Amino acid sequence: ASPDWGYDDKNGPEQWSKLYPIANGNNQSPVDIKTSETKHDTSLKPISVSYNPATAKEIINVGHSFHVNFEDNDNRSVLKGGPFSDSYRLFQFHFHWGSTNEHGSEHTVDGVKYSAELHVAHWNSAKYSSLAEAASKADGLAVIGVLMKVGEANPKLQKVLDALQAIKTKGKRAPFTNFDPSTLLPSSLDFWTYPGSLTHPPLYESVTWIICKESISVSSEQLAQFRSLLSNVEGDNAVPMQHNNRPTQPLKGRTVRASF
């Protein structure tokens, strides 16, 4: 705690190791996805998501970004299949973006950086008691990643953007209800998967990543709305959340599997 990690030139991605030595681990995320080197695994099942909109509960400004939190006391909203034998409980969705509208994703494909990224995170309810315990275990979390390509406005995002007006500053929160994050996912069921980590402190190597093969659109004015939120508390001078995307890390011999 007493966290002074951010994305600035002084507390940014290239300084994290000073305080989080795992930052130089062997299973760090994100990574670049070389489609010439992926490996077709025929045991991969089709991913299946089953979310209850009644479980959406709040939206909050965390300073470096904003999170949409879900009620995780039940198995009412879960993800199964893909490479898993158990079910993962949904707890949140959030986004990553850059200071420019063309280069802001976390994962890259064939060395190409997209405009932004959606992350829909889940924890292993079949193996651990709470999110807190699982967060640091190897099979603890499962995150779905969807690359966002700048283009035509994405109507599906509207409810999330309208909501932003109530969480302008750090630590504000607001009720966010009746919403199914599966409405945000692309049609396609194909994907890439690899073992990695959290893309920001504490950087635990506890995530089994699911990268969707199809990207979704977003427009420049949509992205400018993200960039307009502030990281300061209310009453202070305005500091815009300009970017929150970490650089891709070395594979260190991990294998990216593909469902196709």
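So that there is no doubt, residue numbering starts at 1 and follows the sequence shown. Superpose the two forms; the largest set of C-alphas matching within 1.5 Å is the rigid core.
In summary, of the stretches 203 to 211 and 189 to 197, 189 to 197 shows the greater Cα distance from the shown form in 8 other deposited structures of this protein, with structures fitted on the rigid core. Superposition on the core shows that, in 8 other deposited structures of this protein, the C-alpha atoms drift more in one of 98 to 106 and 144 to 152; this is 98 to 106.
As listed in the deposited structure, the average C-alpha B-factor of 145 to 153 and of 128 to 136 is greater for 128 to 136.
Comparing the deposited coordinates for 164 to 172 and 111 to 119, the stretch with the larger average C-alpha B-factor is 164 to 172. Taking the deposited Cα B-factors for 105, 92, 85, 99, the highest one is held by 85.
Annotation for residue 231: CA B-factor lies in the lowest third of the chain's modelled residues. In the deposited entry, the Cα temperature factor of residue 18 places it in the highest third of its chain's modelled residues. Sort the modelled residues of the chain by CA B factor and residue 53 lands in the middle third. When the modelled residues of the chain are ordered by their C-alpha B factor, residue 44 lands in the highest third. Among the modelled residues of its chain, residue 10 has a C-alpha B-factor that falls in the highest third, as given in the PDB entry.
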